[PDB]
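Heads up, the thing below is written out as structure tokens.
Protein chains: 2
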Amino acid sequence: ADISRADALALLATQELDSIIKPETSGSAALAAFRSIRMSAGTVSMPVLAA
Amino acid sequence: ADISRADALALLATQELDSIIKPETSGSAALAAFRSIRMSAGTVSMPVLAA
Numbered sequence: 002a003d004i005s006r007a008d009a010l011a012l013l014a015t016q017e018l019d020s021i022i023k024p025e026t027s028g029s030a031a032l033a034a035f036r037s038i039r040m041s042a043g044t045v046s047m048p049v050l051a052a
Numbered sequence: 002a003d004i005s006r007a008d009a010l011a012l013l014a015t016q017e018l019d020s021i022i023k024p025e026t027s028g029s030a031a032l033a034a035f036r037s038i039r040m041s042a043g044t045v046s047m048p049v050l051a052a
């Protein structure tokens with residue numbers, strides 16, 4: 002006769018990970034590669050050299 | 002050859018008027034003309050001499 006682990010199972014401490022198992026996030030390849038501008042109007046204008 | 006206004010059209014500044022064009026506004030002729038009471042009840046009862 003002895004205190005098995007099952008006999009004391011209800012006394013054992015518990016632990017949950019403090020973080021989630023997930024992939025590291027990529028972000029947009031477009032936002033990573035191409036330079037961007039802050040817009041204030043919804044339809045910005047863009048002069049382009051022609052000649 | 003020279004830079005025409007059509008060639009520089011994309012570079013031209015814009016201006017927008019600082020305020021909206023609108024007619025003048027006015028309040029009800031009824032509230033201007035007639036006496037009014039504060040109602041506290043949703044109905045007021047009024048006694049009228051009948052005969």
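Chains B and P, in that order, give the protein sequences.
Per full-length UniProt numbering, the first sequence starts with residue 2, numbered consecutively.
Per full-length UniProt numbering, the second sequence starts with residue 2, numbered consecutively.
Beta carbons are placed, not taken as given, at the ideal position from N, Cα and C, and that holds for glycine.
Using the Cα positions of residue i and residue j, report the straight-line distance between them to the nearest angstrom.
i	j	result
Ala9/P	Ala51/B	10 Å
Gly43/B	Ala14/B	56 Å
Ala11/P	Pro48/B	5 Å
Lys23/B	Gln16/B	19 Å
residue 1/B	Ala34/B	Residue 1/B lies beyond the stretch modelled for chain B, which goes from 2 to 52, so this question has no answer here.
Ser46/B	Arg6/P	18 Å
Along the chain, where does the alpha helix (DSSP H) that runs through residue i open and close?
i	result
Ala30/B	30 to 34
Tell me the DSSP secondary structure of residue i in three-state form.
i	result
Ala42/B	coil
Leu12/P	helix
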